[PDB]
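Structure first, then comments.
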Amino acid sequence: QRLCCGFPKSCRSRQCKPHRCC
C-alpha cells in the first residue's frame, strides 16, 4: 500500500524512517 513512502503516517516507524519519502 501507500505505507512508509506513500504517506507520512508510516514514516514514524523504525523501518520506514530511512526511506526516500521519509
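Numbering starts at 1 and runs along the chain as it is shown here.
Quick check of the header: solution NMR.
Cβ atoms are placed via backbone N, Cα and C, with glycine included.
Record features, source Swiss-Prot:
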DISULFID  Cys4-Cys16  disulfide bond
DISULFID  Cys4-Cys21  disulfide bond
DISULFID  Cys5-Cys21  disulfide bond
DISULFID  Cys5-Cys22  disulfide bond
DISULFID  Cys11-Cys16  disulfide bond
DISULFID  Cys11-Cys22  disulfide bond
MOD_RES   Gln1  pyrrolidone carboxylic acid
MOD_RES   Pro8  4-hydroxyproline
MOD_RES   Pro18  4-hydroxyproline
MOD_RES   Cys22  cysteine amide
SITE      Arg14  site 'Important for activity'
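Feature map: Swiss-Prot annotations on the structure.
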| residue | record | CB count, 10 Å |
| --- | --- | --- |
| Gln1 | pyrrolidone carboxylic acid | 6 |
| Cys4 | disulfide bond | 20 |
| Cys5 | disulfide bond | 13 |
| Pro8 | 4-hydroxyproline | 11 |
| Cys11 | disulfide bond | 17 |
| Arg14 | site 'Important for activity' | 6 |
| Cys16 | disulfide bond | 17 |
| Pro18 | 4-hydroxyproline | 9 |
| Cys21 | disulfide bond | 13 |
| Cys22 | disulfide bond | 14 |
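Rounded to a whole number, the C-alpha distance linking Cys5 (disulfide bond) with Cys21 (disulfide bond) is 5 angstrom. When the Cα atoms are compared, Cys11 (disulfide bond) and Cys22 (disulfide bond) turn out to be 6 Å apart.
Cα spacing between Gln1 (pyrrolidone carboxylic acid) and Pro8 (4-hydroxyproline): 13 Å, rounded to the nearest whole number.
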